[PDB]
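Okay, structure.cif is below, mmCIF, N, CA and C atoms and all ligand atoms:
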```cif
data_model
#
loop_
_atom_site.label_atom_id
_atom_site.label_comp_id
_atom_site.auth_asym_id
_atom_site.auth_seq_id
_atom_site.Cartn_x
_atom_site.Cartn_y
_atom_site.Cartn_z
N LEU U 1 -11.62 -6.01 9.37
CA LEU U 1 -10.87 -6.64 10.45
C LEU U 1 -11.30 -6.02 11.77
N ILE U 2 -11.70 -6.86 12.71
CA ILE U 2 -12.16 -6.41 14.02
C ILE U 2 -11.30 -7.07 15.09
N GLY U 3 -11.14 -6.36 16.21
CA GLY U 3 -10.32 -6.84 17.30
C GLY U 3 -8.84 -6.51 17.19
N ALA U 4 -8.42 -5.86 16.11
CA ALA U 4 -7.03 -5.47 15.93
C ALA U 4 -6.96 -3.97 15.72
N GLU U 5 -6.07 -3.31 16.45
CA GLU U 5 -5.93 -1.86 16.38
C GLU U 5 -4.93 -1.48 15.30
N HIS U 6 -5.35 -0.60 14.39
CA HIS U 6 -4.47 -0.13 13.33
C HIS U 6 -3.52 0.93 13.87
N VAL U 7 -2.27 0.88 13.41
CA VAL U 7 -1.23 1.81 13.83
C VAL U 7 -0.54 2.35 12.59
N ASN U 8 -0.15 3.63 12.65
CA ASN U 8 0.39 4.29 11.47
C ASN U 8 1.84 3.88 11.18
N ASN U 9 2.61 3.55 12.20
CA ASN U 9 4.00 3.17 11.98
C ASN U 9 4.09 1.80 11.31
N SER U 10 5.22 1.56 10.65
CA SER U 10 5.40 0.37 9.82
C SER U 10 6.60 -0.42 10.31
N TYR U 11 6.42 -1.73 10.45
CA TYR U 11 7.49 -2.66 10.78
C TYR U 11 7.48 -3.81 9.77
N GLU U 12 8.41 -4.74 9.94
CA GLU U 12 8.39 -5.96 9.14
C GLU U 12 7.30 -6.89 9.64
N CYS U 13 6.48 -7.40 8.73
CA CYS U 13 5.35 -8.22 9.11
C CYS U 13 5.66 -9.70 8.89
N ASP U 14 4.94 -10.55 9.62
CA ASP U 14 5.12 -11.99 9.56
C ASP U 14 3.87 -12.74 9.12
N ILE U 15 2.68 -12.19 9.34
CA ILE U 15 1.42 -12.85 9.04
C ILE U 15 0.75 -12.08 7.90
N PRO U 16 0.80 -12.58 6.67
CA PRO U 16 0.21 -11.83 5.54
C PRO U 16 -1.31 -11.84 5.59
N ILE U 17 -1.91 -10.67 5.42
CA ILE U 17 -3.36 -10.52 5.33
C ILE U 17 -3.79 -10.20 3.91
N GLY U 18 -3.15 -9.23 3.28
CA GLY U 18 -3.44 -8.86 1.91
C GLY U 18 -3.59 -7.36 1.75
N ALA U 19 -3.48 -6.91 0.50
CA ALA U 19 -3.68 -5.51 0.11
C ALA U 19 -2.74 -4.56 0.85
N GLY U 20 -1.50 -5.00 1.05
CA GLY U 20 -0.50 -4.14 1.64
C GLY U 20 -0.61 -3.92 3.13
N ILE U 21 -1.28 -4.81 3.85
CA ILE U 21 -1.41 -4.72 5.30
C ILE U 21 -1.22 -6.12 5.89
N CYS U 22 -0.37 -6.22 6.91
CA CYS U 22 -0.18 -7.44 7.68
C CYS U 22 -0.70 -7.24 9.10
N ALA U 23 -0.46 -8.25 9.94
CA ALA U 23 -0.80 -8.18 11.36
C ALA U 23 0.32 -8.82 12.17
N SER U 24 0.48 -8.33 13.40
CA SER U 24 1.52 -8.84 14.29
C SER U 24 1.12 -8.56 15.73
N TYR U 25 1.79 -9.25 16.65
CA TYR U 25 1.58 -9.08 18.09
C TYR U 25 2.70 -8.19 18.62
N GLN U 26 2.38 -6.93 18.88
CA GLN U 26 3.36 -5.94 19.30
C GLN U 26 2.79 -5.12 20.44
N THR U 27 3.67 -4.70 21.35
CA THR U 27 3.28 -3.92 22.52
C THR U 27 2.64 -2.59 22.15
N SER U 28 -0.62 -3.28 28.02
CA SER U 28 0.23 -4.45 27.76
C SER U 28 0.50 -4.59 26.26
N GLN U 29 0.45 -5.83 25.77
CA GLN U 29 0.69 -6.13 24.37
C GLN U 29 -0.58 -6.70 23.75
N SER U 30 -0.93 -6.20 22.57
CA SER U 30 -2.12 -6.63 21.86
C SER U 30 -1.80 -6.82 20.39
N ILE U 31 -2.75 -7.41 19.67
CA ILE U 31 -2.59 -7.65 18.23
C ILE U 31 -2.86 -6.35 17.48
N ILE U 32 -1.96 -6.00 16.56
CA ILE U 32 -2.05 -4.76 15.80
C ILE U 32 -1.97 -5.08 14.31
N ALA U 33 -2.46 -4.14 13.51
CA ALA U 33 -2.42 -4.23 12.06
C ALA U 33 -1.74 -3.00 11.49
N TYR U 34 -0.89 -3.20 10.49
CA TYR U 34 -0.12 -2.10 9.92
C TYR U 34 0.30 -2.44 8.50
N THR U 35 0.62 -1.41 7.74
CA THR U 35 1.27 -1.59 6.45
C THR U 35 2.69 -2.11 6.67
N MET U 36 3.07 -3.15 5.93
CA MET U 36 4.39 -3.74 6.14
C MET U 36 5.48 -2.82 5.61
N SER U 37 6.69 -3.04 6.10
CA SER U 37 7.87 -2.33 5.64
C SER U 37 8.59 -3.18 4.61
N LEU U 38 8.92 -2.57 3.47
CA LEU U 38 9.69 -3.26 2.44
C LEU U 38 11.13 -3.50 2.88
N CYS H 1 -30.16 -29.06 -0.53
CA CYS H 1 -28.87 -29.23 -1.19
C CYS H 1 -27.76 -29.46 -0.17
N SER H 2 -27.82 -28.76 0.97
CA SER H 2 -26.81 -28.94 2.01
C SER H 2 -26.95 -30.30 2.69
N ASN H 3 -28.18 -30.81 2.81
CA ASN H 3 -28.37 -32.13 3.38
C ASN H 3 -27.82 -33.23 2.48
N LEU H 4 -27.67 -32.95 1.19
CA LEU H 4 -27.03 -33.88 0.27
C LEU H 4 -25.54 -33.60 0.11
N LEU H 5 -25.02 -32.53 0.70
CA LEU H 5 -23.59 -32.23 0.60
C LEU H 5 -22.74 -33.02 1.57
N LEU H 6 -23.32 -33.65 2.60
CA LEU H 6 -22.51 -34.43 3.52
C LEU H 6 -21.91 -35.67 2.88
N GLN H 7 -22.42 -36.09 1.72
CA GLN H 7 -21.79 -37.15 0.95
C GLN H 7 -20.74 -36.63 -0.02
N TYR H 8 -20.77 -35.33 -0.35
CA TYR H 8 -19.77 -34.72 -1.20
C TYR H 8 -19.08 -33.53 -0.53
N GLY H 9 -19.22 -33.38 0.78
CA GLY H 9 -18.47 -32.37 1.50
C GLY H 9 -16.98 -32.58 1.45
N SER H 10 -16.53 -33.84 1.45
CA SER H 10 -15.11 -34.13 1.30
C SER H 10 -14.59 -33.65 -0.05
N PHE H 11 -15.36 -33.86 -1.12
CA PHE H 11 -14.99 -33.30 -2.41
C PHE H 11 -14.99 -31.77 -2.37
N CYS H 12 -15.91 -31.19 -1.59
CA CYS H 12 -15.86 -29.75 -1.35
C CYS H 12 -14.67 -29.39 -0.46
N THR H 13 -14.16 -30.36 0.30
CA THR H 13 -13.14 -30.06 1.30
C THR H 13 -11.74 -30.05 0.67
N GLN H 14 -11.50 -30.94 -0.31
CA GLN H 14 -10.19 -30.98 -0.95
C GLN H 14 -10.00 -29.85 -1.95
N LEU H 15 -11.08 -29.41 -2.60
CA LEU H 15 -10.95 -28.31 -3.55
C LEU H 15 -10.57 -27.02 -2.84
N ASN H 16 -10.79 -26.95 -1.53
CA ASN H 16 -10.45 -25.75 -0.78
C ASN H 16 -8.93 -25.60 -0.65
N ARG H 17 -8.22 -26.68 -0.27
CA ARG H 17 -6.76 -26.60 -0.24
C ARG H 17 -6.18 -26.46 -1.64
N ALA H 18 -6.79 -27.13 -2.62
CA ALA H 18 -6.35 -26.95 -4.00
C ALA H 18 -6.52 -25.50 -4.44
N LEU H 19 -7.51 -24.81 -3.89
CA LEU H 19 -7.63 -23.38 -4.11
C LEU H 19 -6.79 -22.59 -3.12
N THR H 20 -6.67 -23.07 -1.87
CA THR H 20 -5.80 -22.39 -0.91
C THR H 20 -4.34 -22.56 -1.29
N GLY H 21 -3.97 -23.74 -1.79
CA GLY H 21 -2.59 -23.99 -2.16
C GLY H 21 -2.12 -23.12 -3.31
N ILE H 22 -2.97 -22.95 -4.33
CA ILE H 22 -2.61 -22.06 -5.42
C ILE H 22 -2.63 -20.60 -4.96
N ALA H 23 -3.55 -20.25 -4.06
CA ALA H 23 -3.64 -18.87 -3.58
C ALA H 23 -2.40 -18.48 -2.78
N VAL H 24 -1.92 -19.38 -1.93
CA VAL H 24 -0.71 -19.09 -1.17
C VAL H 24 0.52 -19.22 -2.07
N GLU H 25 0.40 -19.97 -3.17
CA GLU H 25 1.52 -20.12 -4.09
C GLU H 25 1.78 -18.83 -4.86
N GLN H 26 0.72 -18.23 -5.40
CA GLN H 26 0.86 -16.98 -6.15
C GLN H 26 1.33 -15.85 -5.25
N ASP H 27 0.91 -15.86 -3.98
CA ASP H 27 1.45 -14.92 -3.01
C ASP H 27 2.94 -15.16 -2.79
N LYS H 28 3.35 -16.43 -2.76
CA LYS H 28 4.77 -16.73 -2.61
C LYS H 28 5.55 -16.47 -3.89
N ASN H 29 4.88 -16.53 -5.05
CA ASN H 29 5.57 -16.29 -6.32
C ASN H 29 6.12 -14.87 -6.39
N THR H 30 5.32 -13.89 -5.97
CA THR H 30 5.76 -12.50 -6.00
C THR H 30 6.91 -12.26 -5.03
N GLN H 31 6.91 -12.96 -3.89
CA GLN H 31 8.02 -12.85 -2.95
C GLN H 31 9.31 -13.40 -3.53
N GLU H 32 9.23 -14.49 -4.30
CA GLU H 32 10.43 -15.09 -4.86
C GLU H 32 11.01 -14.30 -6.03
N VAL H 33 10.21 -13.45 -6.68
CA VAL H 33 10.72 -12.73 -7.85
C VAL H 33 11.11 -11.30 -7.48
N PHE H 34 10.30 -10.62 -6.67
CA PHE H 34 10.58 -9.21 -6.43
C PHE H 34 11.32 -8.95 -5.12
N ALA H 35 11.19 -9.82 -4.12
CA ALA H 35 11.79 -9.58 -2.80
C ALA H 35 13.14 -10.29 -2.67
N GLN H 36 14.12 -9.81 -3.44
CA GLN H 36 15.47 -10.35 -3.33
C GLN H 36 16.31 -9.58 -2.33
N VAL H 37 16.31 -8.25 -2.42
CA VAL H 37 17.08 -7.43 -1.51
C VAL H 37 16.16 -6.93 -0.40
N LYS H 38 16.67 -6.97 0.82
CA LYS H 38 15.92 -6.52 1.99
C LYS H 38 16.11 -5.02 2.22
N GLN H 39 17.07 -4.40 1.55
CA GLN H 39 17.37 -2.99 1.73
C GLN H 39 16.83 -2.20 0.55
N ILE H 40 15.97 -1.23 0.83
CA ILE H 40 15.41 -0.36 -0.21
C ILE H 40 16.40 0.75 -0.50
N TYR H 41 16.77 0.90 -1.77
CA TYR H 41 17.79 1.85 -2.18
C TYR H 41 17.13 3.04 -2.87
N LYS H 42 17.40 4.24 -2.37
CA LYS H 42 16.86 5.45 -2.96
C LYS H 42 17.73 5.92 -4.12
N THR H 43 17.08 6.41 -5.17
CA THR H 43 17.81 6.93 -6.32
C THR H 43 18.55 8.21 -5.93
N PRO H 44 19.77 8.41 -6.44
CA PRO H 44 20.50 9.63 -6.09
C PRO H 44 19.87 10.85 -6.74
N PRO H 45 19.93 12.01 -6.08
CA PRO H 45 19.40 13.23 -6.70
C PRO H 45 20.19 13.69 -7.91
N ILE H 46 21.45 13.27 -8.05
CA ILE H 46 22.27 13.65 -9.20
C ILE H 46 21.96 12.71 -10.35
N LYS H 47 21.50 13.27 -11.47
CA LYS H 47 21.17 12.50 -12.66
C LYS H 47 22.30 12.49 -13.68
N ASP H 48 23.46 13.04 -13.33
CA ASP H 48 24.62 13.06 -14.23
C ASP H 48 25.41 11.78 -14.02
N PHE H 49 25.11 10.77 -14.84
CA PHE H 49 25.82 9.49 -14.81
C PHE H 49 26.87 9.40 -15.91
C1 LIG U 101 0.02 8.53 12.34
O1 LIG U 101 0.78 9.74 12.17
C2 LIG U 101 0.20 10.66 11.23
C3 LIG U 101 1.17 11.82 11.11
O2 LIG U 101 0.58 12.91 10.42
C4 LIG U 101 -1.19 11.08 11.70
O3 LIG U 101 -1.77 11.94 10.72
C5 LIG U 101 -2.07 9.86 11.91
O4 LIG U 101 -3.32 10.25 12.46
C6 LIG U 101 -1.39 8.87 12.85
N1 LIG U 101 -2.19 7.67 13.00
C7 LIG U 101 -2.66 7.24 14.17
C8 LIG U 101 -3.47 5.98 14.14
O5 LIG U 101 -2.44 7.84 15.22
#
```

If you took the structure in this file and wrote it as structure tokens, what would it be?
Amino acid sequence: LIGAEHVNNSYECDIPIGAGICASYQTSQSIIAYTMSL
Amino acid sequence: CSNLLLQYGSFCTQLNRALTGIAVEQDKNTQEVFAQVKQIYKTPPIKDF
């Protein structure tokens, strides 16, 4: 995945990517990738 | 082969959703069976039940 910055903190995700990682638009504001929160 | 696929690209095109539809279905299947509660409950440290 390119163009998305990975972040260690976990939130609830809306756009499934796979293998335990989603993506979301979170604060400017840019697109980020993170492990979802159960 | 690709120059002859423009007559069967549509057949190549519908099999993609038939594969995408099942792929998103199995992803939704796990959500419908395991994701019932939104709150994760930790087991108590006391094992005396
Ligand atoms: C997230 O926090 C952990 C805490 O140990 C740290 O090791 C890790 O490098 C952090 N990740 C990022 C992307 O800053």

4 Å per side around segment 16-35 of chain H: axis-aligned box centre and edge lengths, as JSON:
```
{"center_x": 1.2, "center_y": -18.0, "center_z": -4.0, "size_x": 31.9, "size_y": 26.2, "size_z": 15.6}
```

Item to complete: Specify as a list in words all residues of chain U found within 10 Å of chain H, counting only C-alpha atoms.
Response: residues 16, 18, 37 and 38 of chain U

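Listed by chain and then residue number, the contacts of ligand LIG 101 (chain U) are residues 5, 6, 7, 8 and 9 of chain U (distance at most 8 Å, using only N, CA and C atoms and all ligand atoms).
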
Keeping only N, CA and C atoms, write the selected residues as a PDB file, in the coordinates of the input.
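Saved result, selection32.pdb, follows:
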```
ATOM      1  N   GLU U   5      -6.070  -3.310  16.450  1.00  0.00           N
ATOM      2  CA  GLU U   5      -5.930  -1.860  16.380  1.00  0.00           C
ATOM      3  C   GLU U   5      -4.930  -1.480  15.300  1.00  0.00           C
ATOM      4  N   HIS U   6      -5.350  -0.600  14.390  1.00  0.00           N
ATOM      5  CA  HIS U   6      -4.470  -0.130  13.330  1.00  0.00           C
ATOM      6  C   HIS U   6      -3.520   0.930  13.870  1.00  0.00           C
ATOM      7  N   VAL U   7      -2.270   0.880  13.410  1.00  0.00           N
ATOM      8  CA  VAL U   7      -1.230   1.810  13.830  1.00  0.00           C
ATOM      9  C   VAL U   7      -0.540   2.350  12.590  1.00  0.00           C
ATOM     10  N   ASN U   8      -0.150   3.630  12.650  1.00  0.00           N
ATOM     11  CA  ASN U   8       0.390   4.290  11.470  1.00  0.00           C
ATOM     12  C   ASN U   8       1.840   3.880  11.180  1.00  0.00           C
ATOM     13  N   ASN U   9       2.610   3.550  12.200  1.00  0.00           N
ATOM     14  CA  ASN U   9       4.000   3.170  11.980  1.00  0.00           C
ATOM     15  C   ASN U   9       4.090   1.800  11.310  1.00  0.00           C
TER      16      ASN U   9
END
```

Worksheet entry | DSSP-assigned strand (DSSP E) among chain U, expressed as a PyMOL selection string | chain U and resi 5-6+15-18+21-26+30-34

Fill in: Length of the atom C of residue 4 of chain U to atom C of residue 30 of chain H vector [Å]
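Separation of atom C of residue 4 of chain U and atom C of residue 30 of chain H: 26.3 Å.
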
Discussion item. Could you go through segment 12-49 of chain H and tell me which residues DSSP, when run on the backbone, assigns to helix (DSSP H, G or I), listing them as a ChimeraX atom specification?
Written reply: /H:12-34

Item to complete: Identify, on the basis of only C-alpha atoms, every residue whose closest approach to segment 22-26 of chain U does not exceed 10 Å; exclude the query and any residue fewer than 2 positions from it along the same chain; express the result as a ChimeraX atom specification.
Response: /U:4-6,10-20,28-37

Fill in: Atomic separation - atom CA of residue 15 of chain H relative to atom CA of residue 2 of chain H, Å
16.8 Å

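Between atom CA of residue 3 of chain U and atom CA of residue 16 of chain H there is a distance of 26.2 Å.
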
Kindly add N, CA, C and O atoms to the incomplete segment 16-32 of chain U and provide the output as a PDB file, in the coordinates of the input.
```
ATOM      1  N   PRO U  16       0.800 -12.580   6.670  1.00  0.00           N
ATOM      2  CA  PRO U  16       0.210 -11.830   5.540  1.00  0.00           C
ATOM      3  C   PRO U  16      -1.310 -11.840   5.590  1.00  0.00           C
ATOM      4  O   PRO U  16      -1.926 -12.896   5.771  1.00  0.00           O
ATOM      5  N   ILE U  17      -1.910 -10.670   5.420  1.00  0.00           N
ATOM      6  CA  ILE U  17      -3.360 -10.520   5.330  1.00  0.00           C
ATOM      7  C   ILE U  17      -3.790 -10.200   3.910  1.00  0.00           C
ATOM      8  O   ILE U  17      -4.700 -10.835   3.367  1.00  0.00           O
ATOM      9  N   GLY U  18      -3.150  -9.230   3.280  1.00  0.00           N
ATOM     10  CA  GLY U  18      -3.440  -8.860   1.910  1.00  0.00           C
ATOM     11  C   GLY U  18      -3.590  -7.360   1.750  1.00  0.00           C
ATOM     12  O   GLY U  18      -3.798  -6.621   2.719  1.00  0.00           O
ATOM     13  N   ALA U  19      -3.480  -6.910   0.500  1.00  0.00           N
ATOM     14  CA  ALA U  19      -3.680  -5.510   0.110  1.00  0.00           C
ATOM     15  C   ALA U  19      -2.740  -4.560   0.850  1.00  0.00           C
ATOM     16  O   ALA U  19      -3.120  -3.451   1.237  1.00  0.00           O
ATOM     17  N   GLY U  20      -1.500  -5.000   1.050  1.00  0.00           N
ATOM     18  CA  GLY U  20      -0.500  -4.140   1.640  1.00  0.00           C
ATOM     19  C   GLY U  20      -0.610  -3.920   3.130  1.00  0.00           C
ATOM     20  O   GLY U  20      -0.078  -2.931   3.639  1.00  0.00           O
ATOM     21  N   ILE U  21      -1.280  -4.810   3.850  1.00  0.00           N
ATOM     22  CA  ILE U  21      -1.410  -4.720   5.300  1.00  0.00           C
ATOM     23  C   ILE U  21      -1.220  -6.120   5.890  1.00  0.00           C
ATOM     24  O   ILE U  21      -1.836  -7.080   5.421  1.00  0.00           O
ATOM     25  N   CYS U  22      -0.370  -6.220   6.910  1.00  0.00           N
ATOM     26  CA  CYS U  22      -0.180  -7.440   7.680  1.00  0.00           C
ATOM     27  C   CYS U  22      -0.700  -7.240   9.100  1.00  0.00           C
ATOM     28  O   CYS U  22      -1.288  -6.213   9.436  1.00  0.00           O
ATOM     29  N   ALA U  23      -0.460  -8.250   9.940  1.00  0.00           N
ATOM     30  CA  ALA U  23      -0.800  -8.180  11.360  1.00  0.00           C
ATOM     31  C   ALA U  23       0.320  -8.820  12.170  1.00  0.00           C
ATOM     32  O   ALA U  23       1.013  -9.718  11.697  1.00  0.00           O
ATOM     33  N   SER U  24       0.480  -8.330  13.400  1.00  0.00           N
ATOM     34  CA  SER U  24       1.520  -8.840  14.290  1.00  0.00           C
ATOM     35  C   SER U  24       1.120  -8.560  15.730  1.00  0.00           C
ATOM     36  O   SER U  24       0.241  -7.738  16.006  1.00  0.00           O
ATOM     37  N   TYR U  25       1.790  -9.250  16.650  1.00  0.00           N
ATOM     38  CA  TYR U  25       1.580  -9.080  18.090  1.00  0.00           C
ATOM     39  C   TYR U  25       2.700  -8.190  18.620  1.00  0.00           C
ATOM     40  O   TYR U  25       3.835  -8.642  18.786  1.00  0.00           O
ATOM     41  N   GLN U  26       2.380  -6.930  18.880  1.00  0.00           N
ATOM     42  CA  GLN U  26       3.360  -5.940  19.300  1.00  0.00           C
ATOM     43  C   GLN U  26       2.790  -5.120  20.440  1.00  0.00           C
ATOM     44  O   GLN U  26       1.583  -4.880  20.513  1.00  0.00           O
ATOM     45  N   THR U  27       3.670  -4.700  21.350  1.00  0.00           N
ATOM     46  CA  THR U  27       3.280  -3.920  22.520  1.00  0.00           C
ATOM     47  C   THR U  27       2.640  -2.590  22.150  1.00  0.00           C
ATOM     48  O   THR U  27       3.264  -1.736  21.516  1.00  0.00           O
ATOM     49  N   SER U  28      -0.620  -3.280  28.020  1.00  0.00           N
ATOM     50  CA  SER U  28       0.230  -4.450  27.760  1.00  0.00           C
ATOM     51  C   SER U  28       0.500  -4.590  26.260  1.00  0.00           C
ATOM     52  O   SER U  28       0.758  -3.606  25.573  1.00  0.00           O
ATOM     53  N   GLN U  29       0.450  -5.830  25.770  1.00  0.00           N
ATOM     54  CA  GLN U  29       0.690  -6.130  24.370  1.00  0.00           C
ATOM     55  C   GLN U  29      -0.580  -6.700  23.750  1.00  0.00           C
ATOM     56  O   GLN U  29      -1.234  -7.571  24.333  1.00  0.00           O
ATOM     57  N   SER U  30      -0.930  -6.200  22.570  1.00  0.00           N
ATOM     58  CA  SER U  30      -2.120  -6.630  21.860  1.00  0.00           C
ATOM     59  C   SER U  30      -1.800  -6.820  20.390  1.00  0.00           C
ATOM     60  O   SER U  30      -0.725  -6.447  19.909  1.00  0.00           O
ATOM     61  N   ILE U  31      -2.750  -7.410  19.670  1.00  0.00           N
ATOM     62  CA  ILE U  31      -2.590  -7.650  18.230  1.00  0.00           C
ATOM     63  C   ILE U  31      -2.860  -6.350  17.480  1.00  0.00           C
ATOM     64  O   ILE U  31      -3.850  -5.656  17.741  1.00  0.00           O
ATOM     65  N   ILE U  32      -1.960  -6.000  16.560  1.00  0.00           N
ATOM     66  CA  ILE U  32      -2.050  -4.760  15.800  1.00  0.00           C
ATOM     67  C   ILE U  32      -1.970  -5.080  14.310  1.00  0.00           C
ATOM     68  O   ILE U  32      -1.494  -6.141  13.899  1.00  0.00           O
TER      69      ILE U  32
END
```
